[PDB]
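Here is the structure we will look at, set down as structure tokens.
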Amino acid sequence: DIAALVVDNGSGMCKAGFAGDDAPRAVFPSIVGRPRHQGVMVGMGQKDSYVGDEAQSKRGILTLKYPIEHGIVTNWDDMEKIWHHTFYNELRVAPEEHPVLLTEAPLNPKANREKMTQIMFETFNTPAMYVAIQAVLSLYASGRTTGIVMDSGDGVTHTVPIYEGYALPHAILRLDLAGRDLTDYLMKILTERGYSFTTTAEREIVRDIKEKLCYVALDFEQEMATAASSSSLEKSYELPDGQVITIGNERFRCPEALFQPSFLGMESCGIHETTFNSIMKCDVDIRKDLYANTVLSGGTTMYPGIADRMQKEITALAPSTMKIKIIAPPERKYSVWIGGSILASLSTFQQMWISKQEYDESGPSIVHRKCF
Amino acid sequence: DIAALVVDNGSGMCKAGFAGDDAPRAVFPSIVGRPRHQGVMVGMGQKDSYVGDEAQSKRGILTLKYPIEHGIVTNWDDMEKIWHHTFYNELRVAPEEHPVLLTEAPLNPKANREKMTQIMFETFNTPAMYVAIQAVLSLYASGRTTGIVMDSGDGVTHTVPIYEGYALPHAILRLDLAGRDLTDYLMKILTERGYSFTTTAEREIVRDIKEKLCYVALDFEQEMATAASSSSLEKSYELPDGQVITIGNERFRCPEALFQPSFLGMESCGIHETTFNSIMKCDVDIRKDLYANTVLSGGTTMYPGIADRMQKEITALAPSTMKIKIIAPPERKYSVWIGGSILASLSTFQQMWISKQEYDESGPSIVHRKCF
Amino acid sequence: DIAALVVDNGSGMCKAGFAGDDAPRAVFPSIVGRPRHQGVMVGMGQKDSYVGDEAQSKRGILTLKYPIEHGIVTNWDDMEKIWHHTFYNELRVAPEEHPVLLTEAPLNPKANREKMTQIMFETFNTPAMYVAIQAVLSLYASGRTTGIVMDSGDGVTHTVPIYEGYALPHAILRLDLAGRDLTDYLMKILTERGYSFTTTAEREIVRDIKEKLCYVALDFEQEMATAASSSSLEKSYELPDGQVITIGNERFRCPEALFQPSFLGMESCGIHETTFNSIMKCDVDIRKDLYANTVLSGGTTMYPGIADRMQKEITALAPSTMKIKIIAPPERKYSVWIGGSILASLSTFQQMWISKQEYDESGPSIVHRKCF
Amino acid sequence: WXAXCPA
Amino acid sequence: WXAXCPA
Amino acid sequence: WXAXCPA
Amino acid sequence: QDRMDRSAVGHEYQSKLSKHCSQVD
Ligand SMILES: Nc1ncnc2c1ncn2[C@@H]1O[C@H](COP(=O)(O)OP(=O)(O)O)[C@@H](O)[C@H]1O
Ligand SMILES: Nc1ncnc2c1ncn2[C@@H]1O[C@H](COP(=O)(O)OP(=O)(O)O)[C@@H](O)[C@H]1O
Ligand SMILES: Nc1ncnc2c1ncn2[C@@H]1O[C@H](COP(=O)(O)OP(=O)(O)O)[C@@H](O)[C@H]1O
Ligand SMILES: [Mg+2]
Ligand SMILES: [Mg+2]
Ligand SMILES: [Mg+2]
């Protein structure tokens, strides 16, 4: 009896669990904290680097560094620490007895998959592994075979149209614009009130302000006048030291960067146009099914008002006789992991693993042939 | 107990049924669909090829090809799949229990009916069979015994004169112009409006616009001046995406290509001059009855206004003493199959089936002797 | 004195000059730049307008827009500016004293050339004008009168056969796969190395990389093998800032799409198969001379080793006895314009000019009457 | 374009 | 067809 | 990234 | 929860494949 491990490892949050469950076993931010003071109370649990939750509970005295920026692992020593903490401390299972199903964003460099496989086979010594596109698992979990997945994680936002199970890789779109950019833009617009957050341990406080207070306005040019006329839109927040801030207008100007990336100084089109263009890249026949099966996923789409605004946009963009339905369940914060656990448990999948024998025969260059 | 199987097997669209009925049991386009992308959800309906109706609805991710091109079977490995789908899926009857009546276009290459018979016996193991001319069956179904049949399907057009039930092989006229040549000319002329259909999936949309909006005009120059004078002929059609295209003048420019093949870069004359020369090739004594029983059949002749136009042209070509009657049955889309069924139900025809033991005597070449 | 201007106005790069010269006087990338940032200083230059090399220079703060796309003028408010700039700022001559010979690809929207004539006769007040196909210009630029012009700009590719000066419209073929599509495919495949280009400004960098280091393979699979086995097929480019990047396997993967459009997901045939089909649509008595006088042209057929590849392909497709010769002049990048200037220096083309009063008496539709 | 393809 | 015309 | 964007 | 919207439809829902008149006969 061996059961695969489904380990997401996306930017911002790592979610690991066993294959065949309805929820991830262990979710924790994918950070690594280096202590930036020299403490002399030796023997009290001192370390050289704190991983995951242990970093947050100490973020006051640490420099938090994300090993994955925009879907790309910029530091592999830190990623090995993340994976070791996932294997031996959160799941508490030896990796050499279970296959591992990792996920990746589309249009990433091939070195990312190459090193993922090399690490999973030479360091953790797993018997088998796989690498899946996240927006495909986000459709597996939704119980579908036709639809356009709009996956917006913490660091990257990509759209994948699939029809009857046949993906259209000539219409997969990617946009390096996600929670981490919205959190760095809120850190900027908060200075207009007088609030100055600069430390990497205050980027977390700003990310909390954003994920607790901010919402997406259905009409930006009207909600601006609303928040300008009356104070019936302000909300107060209590920092972890006592001070209180209040934010009335920033609430919907933070996630509005998703629909007007020019706010961040980016030429690219918003997420609604990113989805619409990715629909209109397909064939004339399958566009109607892609319209009415628009799936959402990832944490960045957990904004109150995201589905209403997305529908209002893609309806003013689509032909007047097409019905748009934004499939947005409240369990979309972890749809990719559910899709992974569904895929890893299937019987017809048990031949799609990359076996250790296969890796020993062709090195890390194999992950390009097997993994779609 | 047993009943013969009548399969039209015409180019472009396939019809099939049981001998002795007034309607074909199953009609399905002769399209072989193959996936041109690579599926990413394995186990959710992966099939190497889709045939018939399943190759029409799923055309968004398929490349579709026609086994028969200009009446000649170009891909026998696909004709085998079409025949298998006709036997085992649409009718759900085994071939080893019923005779099979195939139909062929006149002046078709020698190996065509030979390989037809060979495949019928060596693969499906049919008890008896026949290869009848596609045109002569239409006069049978029309309820007459003298006249010239004008059979313009999807791949071949042909005018065949028959008197007293005996065909006149010396006056058979064939024209490679057909309904698929009109589809291709529409795919060209539609660009002048600003529309682009070039994909095999979109050729089906072009065929649907053709058989829904296009119509033969009675005086092409007068209708051209009507369109250039005031826009009152334009019609709106909605693609499966929801765009609202608008074809005006282009309504009759497509069917007119039947009467003037110079629009398609062809040298031969129109269908009216074709019928005129075919009739004037017939014996002088019988011509008096020919001009009275000129019958249209097949799909492509179902154009709005083709009857009046054919009558005007042929009576302006033929002398005024002659009586021109363009008899157009209101169900001429299946007349070939109706006539095939009528012929197959005859006790006299129960001796005209090329039997298996007869096939074993002289090889497939036997088909050249029995069939007229 | 008084002469006739020649303004090619192909996609990507607009060419212009005076009739008689052997090179276009003013050639510039036909774009329009628009500032996406708010100016703050006094002294800065023009706003809402940057055309040609001027826009190319300051592309670091602009969004670029090609008014022509796939051969169809999408935005006339910018094409008018392009014409104004090439008239008053590059050729430096009033446009009310010279005829103008514009070019248009075959099988284009009629309203395109209608609006072209309307703008030429209503804004710049030219005395006369004329619009020709680029292929006819290319063949008239090779001095030949019997050949199949294979032209490939940045937005269109077309094979047009011509025999004894007579153009055969029934065999004119136009594929939409062209230079900008190759640029996009290069932008997409460069991500494998880890080089992300997503801005319309960096698209220029990618295009320069393409036309500087990309070469089409003679044997695709063999080149792929040699590239995967050794590093003797890796070139280095230097970005504007000063960084150096390396491109290996991509070098021939980028142009290979012209022969295998399936790389872009476009389910169609390559350019060599397009040439073969456009030949096989001609009369049987002229196919050999067309096989002998295939001429190339346009800025998308200058890839090293493309003539030999096309010759190998056609010879593989064409019959053995037929001889194949790919006439590839090493000046084809401007050949069409050269043809333009040539067609402007013939006493036989000084009467085919659409006069001003001729436009007044019948309106813009006269372009269809006089021009073919 | 208007129908089919963008332009 | 084999000669003249495609089919 | 290596060229374009940081990562 | 409370992040579901008025125009949001649970993944539990499923539409049917596209059938346009170009797909019948
Ligand atoms: N409820 C929410 N409201 C607004 N933003 C959110 C919410 N949840 C997550 N986010 C944003 O999205 C990111 C979390 O998405 P997540 O699905 O964890 O990414 P990944 O799956 O790549 O780890 C965070 O960076 C945060 O800024
Ligand atoms: N009213 C119509 N207008 C134009 N084309 C038609 C019409 N009806 C049928 N057709 C065309 O004629 C052909 C059908 O003829 P059919 O009798 O089925 O012969 P086949 O079996 O060879 O297709 C198809 O190309 C179809 O689109
Ligand atoms: N030597 C070359 N090799 C490959 N591509 C080239 C070369 N020269 C120009 N190009 C490409 O051709 C495209 C447009 O040039 P061209 O086709 O001449 O414009 P036009 O379509 O107006 O003729 C550009 O994208 C450019 O990169
Ligand atoms: Mg995600
Ligand atoms: Mg027929
Ligand atoms: Mg050009």
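Within each chain, counting starts at residue 1; across the structure tokens, chains are named A, B, ... in the order shown, with ligands numbered 1 upward in that order.
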
Show me which residues sit within 7 Å of ligand 4 when counting only C-alpha atoms and all ligand atoms, and put them as a ChimeraX atom specification. /A:10,134,151-154,297-299,336

Can I get the selection written as a PDB file, in the first residue's frame, with N, CA, C and O atoms?
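So again-v8.pdb came out as:
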```
ATOM      1  N   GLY A  10       3.445  26.235  -5.396  1.00  0.00           N
ATOM      2  CA  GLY A  10       3.260  27.405  -6.263  1.00  0.00           C
ATOM      3  C   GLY A  10       3.947  28.555  -5.552  1.00  0.00           C
ATOM      4  O   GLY A  10       4.444  28.316  -4.438  1.00  0.00           O
ATOM      5  N   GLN A 134      -0.882  23.513 -13.724  1.00  0.00           N
ATOM      6  CA  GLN A 134      -1.833  23.793 -12.653  1.00  0.00           C
ATOM      7  C   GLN A 134      -3.240  24.026 -13.189  1.00  0.00           C
ATOM      8  O   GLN A 134      -4.226  23.568 -12.597  1.00  0.00           O
ATOM      9  N   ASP A 151      -6.426  30.650 -13.819  1.00  0.00           N
ATOM     10  CA  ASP A 151      -5.766  30.407 -12.544  1.00  0.00           C
ATOM     11  C   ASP A 151      -4.899  31.608 -12.205  1.00  0.00           C
ATOM     12  O   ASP A 151      -3.968  31.932 -12.947  1.00  0.00           O
ATOM     13  N   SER A 152      -5.186  32.247 -11.078  1.00  0.00           N
ATOM     14  CA  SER A 152      -4.465  33.438 -10.646  1.00  0.00           C
ATOM     15  C   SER A 152      -3.872  33.160  -9.273  1.00  0.00           C
ATOM     16  O   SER A 152      -4.494  33.449  -8.247  1.00  0.00           O
ATOM     17  N   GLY A 153      -2.654  32.622  -9.228  1.00  0.00           N
ATOM     18  CA  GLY A 153      -1.965  32.334  -7.956  1.00  0.00           C
ATOM     19  C   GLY A 153      -1.389  33.589  -7.342  1.00  0.00           C
ATOM     20  O   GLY A 153      -1.798  34.660  -7.781  1.00  0.00           O
ATOM     21  N   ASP A 154      -0.554  33.470  -6.308  1.00  0.00           N
ATOM     22  CA  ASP A 154       0.124  34.621  -5.653  1.00  0.00           C
ATOM     23  C   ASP A 154       1.092  35.340  -6.589  1.00  0.00           C
ATOM     24  O   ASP A 154       1.143  36.572  -6.503  1.00  0.00           O
ATOM     25  N   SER A 297      -9.782  30.124 -10.301  1.00  0.00           N
ATOM     26  CA  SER A 297      -9.035  29.342  -9.327  1.00  0.00           C
ATOM     27  C   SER A 297      -7.969  30.212  -8.678  1.00  0.00           C
ATOM     28  O   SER A 297      -7.908  31.423  -8.897  1.00  0.00           O
ATOM     29  N   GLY A 298      -7.182  29.662  -7.754  1.00  0.00           N
ATOM     30  CA  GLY A 298      -6.076  30.410  -7.127  1.00  0.00           C
ATOM     31  C   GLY A 298      -6.560  31.420  -6.109  1.00  0.00           C
ATOM     32  O   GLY A 298      -7.721  31.838  -6.202  1.00  0.00           O
ATOM     33  N   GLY A 299      -5.709  31.798  -5.156  1.00  0.00           N
ATOM     34  CA  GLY A 299      -6.086  32.728  -4.080  1.00  0.00           C
ATOM     35  C   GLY A 299      -6.451  34.109  -4.585  1.00  0.00           C
ATOM     36  O   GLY A 299      -7.414  34.670  -4.052  1.00  0.00           O
ATOM     37  N   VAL A 336      -6.449  23.543  -7.525  1.00  0.00           N
ATOM     38  CA  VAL A 336      -5.336  22.876  -8.192  1.00  0.00           C
ATOM     39  C   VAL A 336      -4.901  21.645  -7.410  1.00  0.00           C
ATOM     40  O   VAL A 336      -4.594  20.598  -7.992  1.00  0.00           O
TER      41      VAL A 336
END
```

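Those protein and nucleic acid residues that have any atom within 7 Å of ligand 2 are, using only C-alpha atoms and all ligand atoms, residues 8, 9, 10, 11, 12, 13, 14, 152, 153, 154, 155, 156, 179, 180, 207, 210, 211, 214, 298, 299, 300, 301, 302, 303, 304, 333 and 334 of chain B.
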
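One distance worth recording is that between CA of residue 9 (chain G) and CA of residue 330 (chain A), which is 9.8 Å.
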
Residue with smallest distance to chain C - pool A:3, A:266, A:225, A:178, counting only C-alpha atoms: A:266

Identify every residue of chain F that has at least one atom within 7 Å of any atom of chain C, counting only C-alpha atoms, and report the result as a PyMOL selection string. chain F and resi 1-4

I need the residues from that last selection saved to file as a PDB file, in the first residue's frame (with N, CA and C atoms), if you can.
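Heads up, here's the output in again_2.pdb:
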```pdb
ATOM      1  N   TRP F   1      13.322  35.838 -14.338  1.00  0.00           N
ATOM      2  CA  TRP F   1      13.853  35.450 -15.624  1.00  0.00           C
ATOM      3  C   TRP F   1      15.281  35.816 -15.817  1.00  0.00           C
ATOM      4  N   UNK F   2      15.889  35.568 -16.977  1.00  0.00           N
ATOM      5  CA  UNK F   2      17.270  35.976 -17.156  1.00  0.00           C
ATOM      6  C   UNK F   2      17.186  37.218 -17.944  1.00  0.00           C
ATOM      7  N   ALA F   3      16.341  37.261 -18.973  1.00  0.00           N
ATOM      8  CA  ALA F   3      16.219  38.488 -19.742  1.00  0.00           C
ATOM      9  C   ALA F   3      14.800  38.914 -19.588  1.00  0.00           C
ATOM     10  N   UNK F   4      14.497  40.184 -19.353  1.00  0.00           N
ATOM     11  CA  UNK F   4      13.108  40.551 -19.204  1.00  0.00           C
ATOM     12  C   UNK F   4      12.679  40.230 -17.806  1.00  0.00           C
TER      13      UNK F   4
END
```
